[PDB]
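First up is the structure itself, then whatever we jot down about it.
Quick note on labels: first sequence line is chain A, next is B, and so on, each numbered from 1. Heavy-atom basis, side chains included; hydrogens, waters and symmetry copies ignored.
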Number of protein chains: 2
Amino acid sequence: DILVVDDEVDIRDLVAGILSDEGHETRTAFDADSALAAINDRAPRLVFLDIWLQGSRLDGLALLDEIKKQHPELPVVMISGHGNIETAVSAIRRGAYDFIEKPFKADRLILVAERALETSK
Amino acid sequence: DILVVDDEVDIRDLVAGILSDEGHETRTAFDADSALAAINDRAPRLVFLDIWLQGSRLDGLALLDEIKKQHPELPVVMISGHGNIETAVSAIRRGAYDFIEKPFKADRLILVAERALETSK
Ligand code: BEF
Ligand code: BEF
Ligand SMILES: [Mg+2]
Ligand SMILES: [Mg+2]
């Protein structure tokens with residue numbers, strides 16, 4: 001199972017769509033509280049997290065920290081157009097499996113998801 | 001005890017100089033085989049690694065892999081002007097403690113060195 005967290009509908013749909021077409025059951029969330037509620041209901045096997053979450057209680061990096069604190073075993077991959085070297089290093093040090101830069105190619109998204117799912121329940 | 005690995009003398013001198021002035025015993029190496037020889041002789045407490053090592057048998061990332069294989073406990077920090085998000089993510093996933101972008105400020109270098117030395121022998 002994959003949970004995609006992004007404040008933009010077009011990105012949630014584009015990511016869930018690409019992954020669903022490859023045979024992965026994908027759910028979406030639009031902010032930190034909808035993401036945490038979706039994980040607390042039934043933990044997915046992988047989480048894709050945006051960083052700049054407009055109107056969210058937590059940005060994607062604080063959300064990564066909260067997810068990794070409750071579920072250290074749950075792989076989390078960042079997907080963001082707001083990265084730089086310092087931000088990507090911070091994400092990996094804080095527990096993210098990988099960092100996908102926006103704009104991404106479909107095969108890169110699938111390659112990373114399947115690598116992370118090999119490291120999941 | 002810090003080992004600085006860079007193919008450029010001006011960078012080896014600039015990094016060893018800044019760290020020596022703060023009271024850290026620093027040694028230098030110019031390529032993968034001089035770095036591995038220095039480590040095998042006596043393991044340092046921290047290694048600073050450049051990535052593009054002109055004339056070296058291994059680039060800095062392959063050298064990071066070799067160092068982390070023999071000494072998983074030895075902190076390694078990348079210092080490079082050849083980084084990007086994918087390269088920095090790769091370095092942290094492969095065991096680097098942190099990634100310092102060139103050009104760097106002296107206080108950033110010292111801060112990162114002292115954080116990594118807190119995690120060393
Ligand atoms: F809004 Be995300 F960090 F691309
Ligand atoms: F030659 Be290094 F990667 F700045
Ligand atoms: Mg966003
Ligand atoms: Mg170089």
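- Put simply, the side chain of B:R12 gets close to the backbone of B:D6: a donor and an acceptor are under 3.5 Å apart.
- Remark: B:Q54 CD is loosely packed, at most 12 non-hydrogen atoms of other residues, nucleotides or ligands lying under 6.0 Å away.
- Annotation: side chain of B:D1 is not in contact with side chain of B:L46 (no heavy-atom distance under 4.5 Å).
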B:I79 and B:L109: CA distance, side-chain angles, deciding distance, side chain to side chain contact (heavy atoms under 4.5 Å, CB included) verdict: CA-CA 9 Å; B:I79 304 178; B:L109 174 64; 3.7 Å; yes
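- Although no hydrogens or angles enter the test, the distance criterion places no donor-acceptor pair under 3.5 Å between the side chain of A:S56 and the main chain of A:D31.
- Shortest non-hydrogen contact noted between A:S34 and A:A29 is OG-CB, 3.5 Å.
- Among all heavy-atom pairs drawn from A:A43 and A:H71, the shortest one is CB-NE2, 4.4 Å.
- A heavy-atom distance below 4.5 Å is not found between the side chains of B:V47 and B:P75.
- Within a 6.0 Å sphere centred on CD of A:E118, heavy atoms belonging to other residues, nucleotides or ligands number 12 at most.
- By the neighbour-count criterion of 12 heavy atoms within 6.0 Å, atom CZ of B:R108 is densely surrounded, having more than that number from other residues, nucleotides or ligands.
- Annotation: side chain of B:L117 is in contact with side chain of B:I2 (closest heavy-atom distance under 4.5 Å).
- Contacts of B:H82 classified as ring pair (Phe, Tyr, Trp, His ring centres under 6.0 Å), with partners at least two apart in sequence or in another chain: B:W52.
- Of the possible polar contacts, one joining the A:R93 side chain to the B:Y97 backbone as a donor-acceptor pair under 3.5 Å is found.
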May I have the step-by-step check of side chain to side chain contact (heavy atoms under 4.5 Å, CB included) for B:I51 and B:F99, ending in yes or no? CA-CA 11 Å; B:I51 292 168; B:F99 197 109; 3.6 Å; yes
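- Remark: side-chain polar atoms of B:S90 are not paired, donor with acceptor, to backbone N or O of B:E86 under 3.5 angstrom.
- No side-chain heavy atom of B:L49 sits less than 4.5 Å from a side-chain heavy atom of B:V77.
- Here A:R57 pairs with A:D33 in a salt bridge; the nearest charged N to carboxylate O distance falls below 4.0 Å.
- Between A:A88 and B:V89, the shortest heavy-atom distance links the atoms CB-CG2, 3.8 Å.
- Within the 4.5 Å cutoff, the side chain of A:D59 has no heavy atoms near those of the A:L53 side chain.
- Electrostatic pairing of A:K102 and A:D50 counts as a salt bridge here, judged by a charged N lying under 4.0 Å from a carboxylate O.
- Residues A:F30 and A:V5 fail the side-chain proximity criterion, which asks for heavy atoms closer than 4.5 Å.
- The neighbour count for A:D10 CG, taken as heavy atoms of other residues, nucleotides or ligands under 6.0 Å away, does not exceed 12.
- More than 12 non-hydrogen atoms from other residues, nucleotides or ligands lie less than 6.0 angstrom from CD of A:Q70.
- Formation of a donor-acceptor pair under 3.5 Å by the B:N40 side chain with backbone atoms of B:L36 is found in this model.
- A:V9 places a side-chain heavy atom less than 4.5 Å from the side chain of A:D13.
- At least one donor-acceptor pair under 3.5 Å links the side chain of B:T26 to the backbone N or O of B:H24.
- Across all non-hydrogen atoms, the minimal contact from B:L74 to B:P44 is CD1-O, 3.2 Å.
- A donor-acceptor contact shorter than 3.5 Å is absent between the side chain of A:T28 and the backbone of A:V4.
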Checking side chain to side chain contact (heavy atoms under 4.5 Å, CB included) for the pair A:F48/A:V76: CA distance, chi angles, key distance, verdict? CA-CA 6 Å; A:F48 282 108; A:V76 181; over 6 Å; no
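- At a threshold of 4.5 Å between non-hydrogen side-chain atoms, the residues B:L64 and B:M78 count as touching.
- A distance-only check finds a donor-acceptor pair linking the side chain of B:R45 to the backbone of B:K121 [under 3.5 Å].
- Pairing each heavy atom of B:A35 with each of B:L3, the nearest pair is O-CD2, 3.8 Å.
- The residues B:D41 and B:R27 are annotated as not salt-bridged, no charged nitrogen and carboxylate oxygen being separated by less than 4.0 angstrom.
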